[PDB]
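Heads up, the chain below is alone and in the form deposited in one PDB entry; it's given as structure tokens.
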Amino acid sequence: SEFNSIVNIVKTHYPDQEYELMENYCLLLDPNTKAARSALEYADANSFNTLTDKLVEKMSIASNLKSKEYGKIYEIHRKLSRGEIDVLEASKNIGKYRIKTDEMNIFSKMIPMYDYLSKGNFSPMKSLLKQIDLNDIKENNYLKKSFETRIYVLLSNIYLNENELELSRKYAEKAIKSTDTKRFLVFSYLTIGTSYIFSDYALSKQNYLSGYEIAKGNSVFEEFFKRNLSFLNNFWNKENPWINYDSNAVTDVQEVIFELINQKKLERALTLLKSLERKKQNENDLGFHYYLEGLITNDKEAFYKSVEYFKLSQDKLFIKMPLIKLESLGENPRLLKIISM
């Protein structure tokens, strides 16, 4: 509780300069100490990338064994997040390296989960989670606590994709009470926001707006809320100030295209949707792609196709969008239920 005392001081007494103060104090610290090891978490759980990358360098080449470990493991995690490497090579590098610390045993498991979630590839997550135990960490109480929040958040997403919405919110809410890290707060609110998309427009917007407030300041955290607010509004067919028209990202384009649909410009929506079709996209994105086509043409093939991609993606929340459409075209309700489950 050296590091912890330092962070708690800055957080309370100098709040709106936290990053300036904690940068200096982190970069000064000796790699070998617990504080430096504790600091690495602070840096990464906050997504302060440059600072995390700097701390990695110092710690990768260091006398203490634990610090050497942390350096090497976060080295992988940050190569994975920047997308220098794929999931498969990350899994090999954890298998190759021999993990001695109980903490880095726990953190190694969570490494791929981040990539899965980003890539829409939801199938592997559930199984990977069950093995982890948080009492295997009983050494460094700061690293123990942030990992609690990390797991509460990851599960909040896992149950979201499993279409266990009451549970998703439970876990996000847990995460919120457990932390005052912005990023964890940001993603808690994102996931509660997402959990209500179909349930209740109002509560979705509340949770997405409340997170949006916390996110302002950060270019990257804003973008998630803006994208989800676009989606929310386009799906409920409401006024939509959230759209970014100057983005090539398939998910921003997808938001444009969803907007024209709501404004009934189906020729222009069709043209642009065909331009996305062969572009690089994860399967979950194709889930939406064909759902969009289904709205334009009203062809069952599109909706059938959209279901197939969500099925591949194992996205049990968003599979219901094409399934509802298919029900309204007089498809056998029982067969559609079999798909939903």
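Take the two forms, superpose them, and find the largest set of C-alpha atoms that agree within 1.5 Å; that set is the rigid core. Numbers for residues come from their place in the sequence shown, where the first is 1.
A.B. asks: Please work out which of 82 to 90 and 255 to 263 has the higher mean CA B-factor as recorded in the PDB entry.
C.D. replies: Result: 82 to 90.
A.B. asks: Using only C-alpha atoms and the B-factors in the entry, which stretch averages higher, 130 to 138 or 113 to 121?
C.D. replies: 130 to 138 has the higher mean C-alpha B-factor.
A.B. asks: Could you tell me which one of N218, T101, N240, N157 shows the highest CA temperature factor in the PDB record?
C.D. replies: So the option with the highest C-alpha B-factor is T101.
A.B. asks: Kindly indicate the residue among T50, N46, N282, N64 with the greatest C-alpha B-factor in the PDB record.
C.D. replies: Answer for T50, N46, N282, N64: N64, with the highest C-alpha B-factor.
A.B. asks: Looking at the temperature factor on the CA atom of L167, which third of the chain's modelled residues does it land in?
C.D. replies: According to the entry, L167 has a C-alpha B-factor in the chain's middle third.
A.B. asks: Sort the modelled residues of this chain by their C-alpha B factor and say whether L28 lands in the lowest, middle or highest third.
C.D. replies: Highest third, going by the recorded CA B-factors of the chain.
A.B. asks: Give the position of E223 by CA B-factor within its chain, expressed as the lowest, middle or highest third.
C.D. replies: CA B-factor rank for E223: lowest third.
A.B. asks: Please place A302 in the lowest, middle or highest third of its chain by C-alpha B factor as given in the entry.
C.D. replies: It belongs to the lowest third of the chain when residues are ordered by C-alpha B-factor.
A.B. asks: Comparing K274 with the other modelled residues of its chain, is its CA B-factor in the lowest, middle or highest third?
C.D. replies: Its C-alpha B-factor belongs to the middle third of this chain's values.
Keep in mind the form deposited in another entry is missing from the figure; the text below concerns it.
A.B. asks: Superposing on the rigid core, which residue among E173, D200, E222, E89 shifts its Cα by at least 2 Å between the shown form and the other one?
C.D. replies: Once the cores are aligned, the residue moving by 2 Å or more is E89.
A.B. asks: Once you overlay the rigid core, does the Cα of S328 travel 2 Å or further between the shown form and the other one?
C.D. replies: Stays below the 2 Å threshold, so no.
A.B. asks: Could you check whether the CA atom of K119 moves 2 Å or more between the shown form and the other one, using the rigid core for the fit?
C.D. replies: Passes the 2 Å threshold, so yes.
A.B. asks: When you overlay the rigid core, is the Cα of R98 off by 2 Å or more between the shown form and the other one?
C.D. replies: Yes, the C-alpha position differs by at least 2 Å between the shown form and the other one.
A.B. asks: Do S127 and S178 have their C-alpha atoms closer or farther apart in that other deposited form than here, with the shift being 3 angstroms or more?
C.D. replies: Closer together, which means the C-alphas of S127 and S178 are at least 3 Å nearer in that other deposited form.
A.B. asks: Since the Cα separation of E223 and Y116 moves by 3 Å or more in that other deposited form, tell me which way: closer or farther than here.
C.D. replies: Residues separate in that other deposited form, at least 3 Å farther apart.
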